[PDB]
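Examination of the molecular architecture
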Amino acid sequence: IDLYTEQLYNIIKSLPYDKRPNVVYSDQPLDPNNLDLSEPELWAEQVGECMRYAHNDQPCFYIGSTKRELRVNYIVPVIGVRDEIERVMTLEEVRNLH
Amino acid sequence: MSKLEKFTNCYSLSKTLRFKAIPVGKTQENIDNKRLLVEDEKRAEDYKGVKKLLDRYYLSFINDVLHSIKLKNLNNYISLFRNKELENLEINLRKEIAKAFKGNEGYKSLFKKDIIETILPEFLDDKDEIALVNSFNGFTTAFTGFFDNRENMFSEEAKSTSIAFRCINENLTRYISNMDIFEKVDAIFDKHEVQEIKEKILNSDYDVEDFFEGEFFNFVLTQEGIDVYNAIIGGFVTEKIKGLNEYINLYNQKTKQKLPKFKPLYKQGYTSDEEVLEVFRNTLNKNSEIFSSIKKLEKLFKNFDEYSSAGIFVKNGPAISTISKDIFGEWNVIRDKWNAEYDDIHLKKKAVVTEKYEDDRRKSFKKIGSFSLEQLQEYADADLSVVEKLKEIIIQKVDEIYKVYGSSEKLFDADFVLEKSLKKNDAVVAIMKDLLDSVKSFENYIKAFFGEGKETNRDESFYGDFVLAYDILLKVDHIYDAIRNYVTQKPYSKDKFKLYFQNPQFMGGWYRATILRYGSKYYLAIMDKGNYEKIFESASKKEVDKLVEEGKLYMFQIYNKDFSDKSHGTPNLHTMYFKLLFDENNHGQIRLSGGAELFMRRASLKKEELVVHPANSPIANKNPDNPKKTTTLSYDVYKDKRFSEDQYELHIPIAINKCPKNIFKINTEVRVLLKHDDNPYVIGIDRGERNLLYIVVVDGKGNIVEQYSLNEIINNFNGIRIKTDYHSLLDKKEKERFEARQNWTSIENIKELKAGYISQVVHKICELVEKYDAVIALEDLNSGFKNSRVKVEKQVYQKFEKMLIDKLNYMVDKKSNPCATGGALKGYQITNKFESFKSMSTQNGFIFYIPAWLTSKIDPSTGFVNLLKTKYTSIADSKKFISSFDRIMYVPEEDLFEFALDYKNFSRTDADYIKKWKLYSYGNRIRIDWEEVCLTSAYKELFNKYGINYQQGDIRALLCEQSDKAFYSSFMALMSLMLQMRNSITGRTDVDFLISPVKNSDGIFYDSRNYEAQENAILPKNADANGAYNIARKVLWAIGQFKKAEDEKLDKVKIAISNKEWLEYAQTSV
RNA sequence: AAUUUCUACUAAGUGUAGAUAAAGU
Ligand SMILES: [Mg+2]
Ligand SMILES: [Mg+2]
C-alpha cells in the first residue's frame, strides 16, 4: 500500500547513501506482510535517491545510481545481494542502520 | 626568462560557445502568432525525405554512369591474379571507375544548389515530393554536410565505404574466384539439364557461361547486373527456379564429394519497446536467417575434418593468441614456436639476442598474413590434433548458444506481453543481452577462419559454405548496436532543429541579427520581415522595447547560470570568453568569427514525470568526504528541469588568435628551451593499479619534487576546500555493475564518470604545468600493455591524452587577470593540434610520449630489473639455471642468502648495463589466493626439508645434485618470487609495496614501506609512484640527449629511449 | 539534486568545481 512506502521514504530519506538498504523493487504495490520470494522478478539492489513526484507528491526511489534512471515507485527492504534473497527487513531494522 | 612565456599567440583556433536564449518581453507570443516554429520543425522533418530523394537520384546517376563504363585493365587483372605488379594495376582500375564518375556531364550539379533547384524537381515528377524538393528552395546550405559525405562514395580512396572499393576490392575478387569455381565445377550440367532452363528463365538472350568469362565483369557493375548474376548463382523466381549452388548440393547429395559452391557478389534508431522487441523476435527467432546461419555453421564446423587442413586458414592477430590459449595451453605458444623456428634460421650459434633482433623478429611475425591449419598442426605435439580441438571448442560455443536460446523461449512466443518499459525492465533486457552476447561471441570467434583472403590455395569447398553463412551471420553487429543504443538511452532527449525565421541568409554575419547589451545582460536582437549598447552606437531602451511590443524585433537574452544574479563563484570558461568578446582589453585575441545559429529543443520530459526534492526538507549529501551531512533548501530542486521545457539554444563561434604573430614550430622551440635550460622540471603521469592516475614531478636531476595520487580531486572555492574520491565512486559503480541484472547502462555510466574524471585531471595537470614550467611525460599508448588491473583502461586514457592535447592548445587560468600572460586573452599554446590516436607519439610541444617498458618493476635506487626467466619447466633447465649463478651462499652475519649472478651467463639479458648483480633474500614477498612469505625462512625451510647444508658456502654444486622432481619446482618458485619486486595483496587491501633484492652502494635494500610513511620523500613511495618516476626519468634522459646535440641537430635527436640506453641510464644515474 | 552541455556535486542557498567545437555523416 501507500502508507508503508511513505514511512519507508521518510526513513530512508535521512540515511547517508552508503547505509541505504537492499530492496526489492517494482511498480505495482509490494506487500511485505505477504511478499513471498522465489518469484523470478525479484532482484535485491540498493536504494539510491528518494524524491517526490512533482505532480501528486508520490514518493519514488532510484535503484542504484540516480544516473542509472531506474526510478521505481514501490520498494521493500530485504537482506539480499542478488536473486538469492534471504529475508525481508522491517521498518525498524532499517532505522537501526544509522 | 621562463619557458612558457614564449608560447603565447602562436596559431589560430576555433570554438563554438553554446548558450541559451530566453525570449524577452512578448517575443514568444509574437513567434507563436506567426508560427515561426512549425515551418522549421516541418523542414527538419522533411530533411529526411529530401535526403532519401537525393539518395534515389544519386542511385539513378550511379546506375547510369556504371553502364557507360568498360575497363581496359580488367583482363590483365584476371590474368595476373589467378604480389606487387598487381596493386598498381588495381589502383589504376579504381582510378578508372572514379574518372568515369567525375567525368560525366552532370556531376557538377550533384553537390550544389542545382540538384535541389533544377534537377531533382524534374527527375521526380510527382506533385507530392516535388513539394518537398521545392520547400528547401534557398535552403541549400542545410545540405552542406550531406553532400560532403555523399561524394566520398564517388571517390577512389579505397576506404571500406566507396563505390570503387566495393566494385574492385570486394566484387572482382569474388568474380575471379567464381571463374575458378566454374572452370572446376562443370560437366555436372547439361543443356538437356537445368542449364537451358536457367538461361531461358533468367537471361533469355545470351549464354550462362558468359558470366564466368573474364572481360564480362563489366556487366555486374550495375545493381541489376549483380542481381541477375546472383540470380543465376542462387536461384530467382520469375515457378521456383533452382540456382547453381543447389544444383551442386543436389550433386553432392547424390554422391558424396565436397565440391565447391559459388560465392555471390556484394550490393553497392528504434523508437518504441514494441518495435525493439519485434525486431528481436524477427531477426533472432528459431527460424530466422541468423539462427539458420548458426545451424549451417555448426554442421560445417562439425564436418571440419573432411576439408583439407592445408586449405583452412586462421588470420594473424588477436585470433592467434586466442587460438593458442584455447588449444596450446595459454597465450603465447604459437608465437614462441614460430620464434623458435625463426631463431633456427636467422640466429647464429651465439647468444647475441639483441633488441634490434627481437624487434625485427616481431615485425616479421606481425607482418605474416595468416597461418594455415597444417602449419598450426606442425607446431602441435604428439596425439594432439588441432582440428579436433578447434571442432570441439566451436561445437561448445554453438551448444552454449543453444542453451541461451533455451533460457529464452518466452520472448519469442506470441503470448509474450511487456509488463514494464524496456529501459526499466531488466529481466527481458537480460535475456536479450545474453542472447546477443552469445551469438556475437560466436561471430567474433569464427571471424578468424577468414584468413586474410589474399592467398592461393584456399580450400574453396569449405570457404564457400563458410562465407555463405557468415555474411548472413554478421548482421548481429548492427542488431546489437541498435538494441543497446536503445536501452542505454537517457529518458530525455537533445533533439533540436535550427530556426531560420523566413530568411536563408540569417545570422550568417554581424543577416538581421545583432548582439546588444544593457547593464550586465547581453541580448540577441533579430529583426523580422534607459539606453542599450549595440555591438558601439547606442539606442534607446524605450523604442527598442517598443519594437519588441510591435513585432518588428525578436529580442532574446543570452543566458547561462553565470549570467544569473545569484551566481557568486567563478564563471565558466566560455562565459569568460563571451564577456571578453566585448571588452576593451580584448583587441583581436577572441573575436566573433562566422555566424551564430539559433536552435530549438522541445520539452522531452512530460510534466507528469517531473520529480522533485520537496522544499524545506533535509536532503542527504552524497559526498562521504563532506563535513555537512544534509542540506535544507527553502525552495524546490527539480531533477532535469532543463529538459522539461522548450529551450532556444544559441551557438556562437569564436576564433581565438585570428592574427597570430609569434608563428614558429613548437617542437623545435621546446627542444631549444630544454637544451638551454639548466634545471627543467618534468611531470611524469602514470596509470596505477591502486591509483587512477599518479603524478610525480621531478626536477632536472632526478630528484622527486612532488609525488601524489590523483585518486581524489580537490576543489577550492571561497577559501574552503573539499575533496572528492573518484576511486571510491568508481568502486561503487563497479560494485553496482556486479549487482545489476544487465550491465549495458552500468558500463555507460562508468564510461561517462571516467570522462568527467579526466576532465578534472586535465585542470590538475594544467595547473601543475603553469607552476613549474614543467614538461609532461606520458605513456606511449601505441606500444605497451597494462595488465588488466590498471583502472583507467586504454580507451579512456587515449581520451585523456586527447583532452590534454586539446586543452594545452590554449591553456587558460580562469582566476588570473585576463590580459595577463596565462589569462583568457593571452593563453599559452604549448601543444600542436590533435591529429590522430596514432600520431600521439614521441612529442607534442610540451608533451613527450614515452614507452612504458621497465618502469614499474625496476628498483629506483639501483636500477636493478629482473631480466631472468625463473619459471619451472624441467629438471635440466633448472639444473642449468642453478649452475649458471656465479655463487650461491648463505651469509651468516646478515642471516641472508646471497645469489651472486651475472647477466652475461643468462640468455636474453643484453639490455642490462651493470651485468654483475648480487641479490639477497632480504624481506618478505606476497605470492599469489595471496600468501605472505618471509624469504630467508622459506629458503631455510626448503633446504632442511630436502636435506641440504648451507653454512658451507657456494652450495650450487651441493644443490644441483637433488634427484627430486618437486625440489626444483619449489626452488624455482621461491626464486621467482624473490625477484618479484611489486608485491600487492589481491583483495584490494592497499598494501602495494615494492622491495628490491639488491643493495645500493650504501648497503641498504630499497623498500617503499620506508618511504610511504613520509612527506617530502626522495624516492617513490609505492609502485605507482615508481611508474611515474621512471616515465619522468625517461624524458630526463631525452633532455640530456638534447643537451648533447647542437642547436640545429636538435630536430633530429631521436628520443624513443631503447631498453639498452634506458637500463644504462637507470643504473648509472645513481 | 538545479547546468549551454558533461561529470562530481549542494559547495552556505534559484547555486558550487573542472571541462566544453558546434554543425553534418
Ligand atoms: Mg562556477
Ligand atoms: Mg549529474
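Coordinates for the structure precede this section.
The notes below deal with the structure included here. (Residues numbered from 1 in each chain as written, not as in the entry; some residues may be left out. Chains lettered and ligands numbered in written order. Heavy atoms only, no water. Residues with missing side-chain atoms left out of burial classes, pairs and counts.)

**Some remarks on unusual backbone geometry**
Negative phi is the rule for most residues except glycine; trans is the rule for most peptide bonds. How we decide: Counting from the N terminus, the helices are DSSP H or I runs at least four residues long and the strands are E runs at least two residues long. Only protein chains enter the accessibility calculation, which uses a 1.4 Å probe. A residue is then buried if its area is under 20% of the maximum for its type, exposed if over 50%, and partly exposed in between.
If you check the backbone angles, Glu69 of chain A has positive phi at about 60° while not being a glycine. Inspection of the secondary structure assignment puts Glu69 of chain A in the loop between β3 (59-63) and β4 (71-72). In this structure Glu69 of chain A comes out as buried when scored by relative accessible area, which is 14%. The phi dihedral of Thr842 of chain B falls on the positive side, at around 75°, and the residue is not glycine. Topologically, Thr842 of chain B is positioned in the loop between α27 (794-808) and β20 (847-850).

**A closer look at the protein's contact with RNA strand C**
Operational definition: Only heavy atoms are used to decide nearness, and a residue is near a molecule or strand if one of them lies within 4 Å of it. Any pair of N or O atoms that falls within 3.5 Å is considered a polar contact. Within protein, one atom must be able to donate a hydrogen and the other to accept it, and sequence-neighbouring residues count only if both atoms are side-chain atoms.
Taken together, 69 residues are adjacent to RNA strand C, and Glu49 of chain A together with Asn149, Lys561, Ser564 and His568 of chain B come closest. Each atom of RNA strand C within 4 Å of the protein was assigned to sugar, phosphate or base; sugar and phosphate come to 66%. Note that a phosphate oxygen of RNA strand C is positioned 2.7 Å from one of the side-chain N or O atoms of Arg642 of chain B.

**As for empty space enclosed by the protein**
Take a probe with the size of a water molecule and roll it over the atoms, and the empty space left behind shows itself. Inclusion rule: Cavities and pockets are found on a 1 Å grid laid over the protein atoms alone: a cavity is a set of points where a 1.4 Å probe fits but cannot escape, a pocket is an open set with protein on both sides within 12 Å along at least five of seven lines, and a lining residue has an atom within 4 Å of such a point. Grid points are joined across faces, edges and corners, and a volume is the space filled by probe spheres set on the points. Under this grouping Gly is polar, as are all residues other than the nonpolar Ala, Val, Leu, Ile, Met, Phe, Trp, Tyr, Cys and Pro and the charged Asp, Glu, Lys and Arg.
The volume enclosed by the largest cavity comes to roughly 90 Å³. Forming the boundary of the largest cavity are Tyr9, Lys13, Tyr17, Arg20, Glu49 and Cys50 of chain A together with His613, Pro614, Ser617, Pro618, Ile619 and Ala620 of chain B. If you list the elements that add at least two residues to the lining of the largest cavity, you get β2 (44-53) of chain A together with β10 (619-620) of chain B. Residue composition of the lining of the largest cavity, by class: 7 nonpolar, 2 polar and 3 charged. For the second largest cavity, the full set of lining residues is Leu692, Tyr726, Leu730, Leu753, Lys754, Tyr757 and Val792 of chain B. Partitioning the lining of the second largest cavity into residue classes produces 6 nonpolar, no polar and 1 charged.

**Quick word on the side chain of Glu45 of chain A**
Filter applied, for reference: The contact criterion used is simple: two residues touch if any of their non-hydrogen atoms lie within 4.5 Å.
Its location among the elements puts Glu45 of chain A in strand β2. For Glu45 of chain A, a relative accessible area of 2% gives the class buried. At a separation of 2.5 Å, a polar atom in the side chain of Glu45 of chain A contacts the side chain of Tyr25 of chain A. Within the structure, the side chain of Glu45 of chain A is placed 2.6 Å from the side chain of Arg68 of chain A, a separation counted as a polar contact. Once you skip the residues sitting within four places of it in the chain, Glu45 of chain A turns out to touch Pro21, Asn22, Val23, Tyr25, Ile63 and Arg68 of chain A together with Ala740 and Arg741 of chain B.

**Examining the interface of chain B and chain A**
This is how the line gets drawn: By definition, the buried area sums, over both parts, the 1.4 Å-probe accessible area that each loses when the two are put together. Pairs of strands are assigned from DSSP output, requiring at least two bridges between the strands.
At the junction of the two partners, chain B supplies 30 residues and chain A supplies 33 residues. Taking both sides of the interface into account, the surface hidden between chain B and chain A amounts to around 2,900 Å²; carbon and sulfur atoms contribute 48%. The largest share of the area that chain B buries against chain A comes from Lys424, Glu739 and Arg741 of chain B, three residues that together contribute 20% of it. Where chain B touches chain A, the interface holds 11 residue pairs in polar contact. Looking at the side of chain B that touches chain A, the elements that each hand over two or more residues are β9 (611-613), α25 (726-739) and α26 (745-772) of chain B. In terms of residue class, the side of chain B that touches chain A is built from 10 nonpolar, 5 polar and 15 charged. As defined by bridge partners, β2 of chain A adjoins β9 of chain B across 2 bridges and the pair is classed as antiparallel. When the sheet's bridge partners are listed, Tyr53 of chain A is paired in β9 of chain B with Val611 of chain B.

**A short note on the packing of aromatic side chains**
The cut-off we apply is this: Aromatic pairing here means that ring centres of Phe, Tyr or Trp (its six-membered ring) are within 6.5 Å. Orientation follows from the plane angle: under 30 degrees is stacked, over 60 is edge-to-face, and everything else is tilted. A ring is considered to have a charge above it if a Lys NZ or an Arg CZ atom is located within 6 Å of its centre and within 35 degrees of its normal.
Under the defined criterion, the tally for this structure stands at 95 aromatic pairs over all chains. Ring geometry for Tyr175 of chain B and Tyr229 of chain B: centres 5.4 Å apart, planes at 70°, overall edge-to-face. Of this pair, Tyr175 of chain B sits in helix α8 (residues 163-184) while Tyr229 of chain B sits in helix α10 (residues 223-234), placing them 54 residues apart in sequence. Note on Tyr229 of chain B: relative accessible area 0%, which makes it buried. The positively charged end of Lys622 of chain B is found above the aromatic ring belonging to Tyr17 of chain A, 5.5 Å away from the centroid. Sitting above the plane of the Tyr920 of chain B ring, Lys999 of chain B keeps its charged end 5.2 Å from the centroid.

**Comments concerning the packing of helix α3 (residues 74-81) of chain B against helix α4 (residues 87-101) of chain B**
Residues and elements named next belong to chain B. Rules: Each axis is a line fitted through C-alpha atoms, and for a helix only the stretch in contact is used; angles between axes span 0 to 180 degrees, taken between their N-to-C directions. If an angle is under 35 degrees, it is roughly parallel; if it is over 145, roughly antiparallel; if it lies from 65 to 115, roughly perpendicular; otherwise it is oblique. By convention the crossing between two helices is left-handed if the near helix lies anticlockwise of the far one by an angle smaller than a right angle, and right-handed if it lies clockwise.
The N-to-C vectors of α3 and α4 enclose an angle of 150°; their axes lie 10 Å apart at closest approach. As far as their axial angle goes, α4 and α3 are roughly antiparallel. You can see that α3 and α4 cross each other, and the crossing is left-handed. Here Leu74, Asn76 and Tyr77 of α3 come into contact with α4, specifically with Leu89, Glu90 and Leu93.

**Topic: the pattern of salt bridges**
Residue and element names in this part refer to chain B. Applied cut-off: Here, a salt bridge means any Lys or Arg side-chain nitrogen found within 4 Å of an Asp or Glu carboxyl oxygen.
A complete count under the given rule lists 57 salt bridges over all chains for this structure. The closest approach of N and O atoms between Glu170 and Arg166, which form a salt bridge, is 2.9 Å. Taken together, the residues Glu170 and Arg166, both in helix α8 and 4 residues apart, mark about one turn of the helix. Taking relative accessible area as the criterion, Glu170 reaches 23% and is therefore assigned partly exposed. Judged by relative accessible area, which is 22%, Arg166 ranks as partly exposed. Ionic pairing is found between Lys940 and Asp895, a salt bridge with its closest N-O pair at 2.6 Å.

**Examining a positive patch on the surface**
What counts is decided by this rule: The residues that make up patches have over 30% relative accessible area and no salt bridge, and they are joined within 9 Å when like-charged or within 5 Å when they are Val, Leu, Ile, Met, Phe, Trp or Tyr. Residue exposure ignores everything except the shown protein chains as possible cover, and the areas themselves are Shrake-Rupley values with a 1.4 Å probe. By the counting rule applied here, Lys and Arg register as positive and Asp and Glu as negative, while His and the ends of each chain are not counted. To locate a charge, take NZ of a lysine, CZ of an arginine, CG of an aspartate or CD of a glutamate.
Positive charge collects at one region of the surface, where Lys72, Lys95, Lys99 and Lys102 of chain B lie side by side. Of note, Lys102 of chain B is situated in the loop between α4 and α5 (114-123).

**Topic: helix α14 (residues 318-327) of chain B**
Since the α-helix turns once every 3.6 residues, residues separated by three or four places project in the same direction. Residues and elements named next belong to chain B. The condition is simple: In this description, the arc belongs to the directions extending from the helix axis to the C-beta atoms.
Considered for burial, the residues of α14 that qualify are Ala319, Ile320, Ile323, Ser324 and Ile327. Each buried residue of α14 sits inside an arc of 135° when the element is viewed along its axis, so together they form one side. The secondary structure elements touched by the buried residues of α14 are β2 (313-315), α15 (334-346), β3 (370-372), α18 (386-406) and α19 (427-446). Where α14 terminates, the next one or two residues include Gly329, which has phi positive at roughly 75°.

**Here's the deal with helix α31 (residues 965-978) of chain B**
Residue and element names in this part refer to chain B. Convention followed: The span you would expect from a helix comes to 1.5 Å times its residue count less one.
Its 14 residues give α31 an end-to-end C-alpha distance of 21 Å, which sits within 8% of 20 Å, the value for a rise of 1.5 Å per residue. All buried positions along α31 are accounted for by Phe967, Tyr968, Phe971, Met972, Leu974, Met975, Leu977 and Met978. For α31, the side-chain oxygen to backbone nitrogen distance between the N-cap and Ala966 is 2.7 Å, and the N-cap itself is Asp964.

**Describing the environment of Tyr47 of chain B**
Residue and element names in this part refer to chain B. In this structure, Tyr47 sits in helix α2 (residues 39-65). For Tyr47, a relative accessible area of 23% gives the class partly exposed. Placed 28 residues apart in sequence, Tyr47 and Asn75 show a C-alpha to C-alpha distance of 44 Å. When neighbours within four sequence positions are excluded, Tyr47 is seen to be in contact with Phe136, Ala142, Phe143 and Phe146.

**What about the packing of α19 of chain B against helix α21 (residues 476-487) of chain B?**
Residue and element names in this part refer to chain B. Direction vectors running N to C along α19 and α21 enclose 150°, while the axes themselves pass 10 Å from each other. Judged by the angle between their axes, α19 and α21 are roughly antiparallel. Taken as a pair, α19 and α21 cross one another with a handedness that is left-handed. For the pair α19 and α21, the contacting residues are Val429, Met432, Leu436, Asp437, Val439, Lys440 and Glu443 in the first and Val476, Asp477, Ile479, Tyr480, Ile483 and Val487 in the second. Considered class by class, the residues forming the contact of α19 with α21 number 9 nonpolar, no polar and 4 charged.

**Quick look at the sheet that holds strand β19 (residues 776-779) of chain B**
Residues and elements named next belong to chain B. Taken in spatial order, the 5 strands of this open sheet run β16-β15-β14-β19-β20, and their pairing is mixed. Lying at the two open borders of the sheet, with one neighbouring strand each, are β16 (704-709) and β20. Averaged over all pairs of adjacent strands, the angle between strand axes in this sheet comes to 20°, irrespective of strand direction. Relative to strand β15 (residues 694-698), strand β14 (residues 682-686) is paired through 5 bridges, and the arrangement is antiparallel. If you follow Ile683 over to β15, its bridge partner there is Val697. In the packing of helix α32 (residues 1023-1044) onto the sheet, the strands contacted are β14, β15, β16, β19 and β20, and the crossing angle to β14 comes to about 140°.

**What to know about the environment of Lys904 of chain B**
Position of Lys904 of chain B relative to the elements: it lies in the loop between β22 (896-900) and β23 (918-919). Sequence separation between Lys904 of chain B and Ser884 of chain B is 20 residues; the distance between their C-alpha atoms is 9.7 Å.

**Thoughts on the pairing of strand β13 (residues 648-656) of chain B**
Residues and elements named next belong to chain B. Counting buried positions over the 9 residues of β13 gives 9, a clear majority of the element. With burial as the criterion, each face of β13 is covered, one bearing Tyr648, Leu650, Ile652, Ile654 and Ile656 and the other bearing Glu649, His651, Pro653 and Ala655. Note: strand β1 (residues 13-23) against β13, 9 bridges, orientation antiparallel. For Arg18, the partnering residue across the bridge sits in β13 and is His651. Looking at chain direction, strand β7 (residues 590-591) and β13 are connected through 2 bridges and run antiparallel. Bridge pairing in β13 links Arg591 to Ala655.

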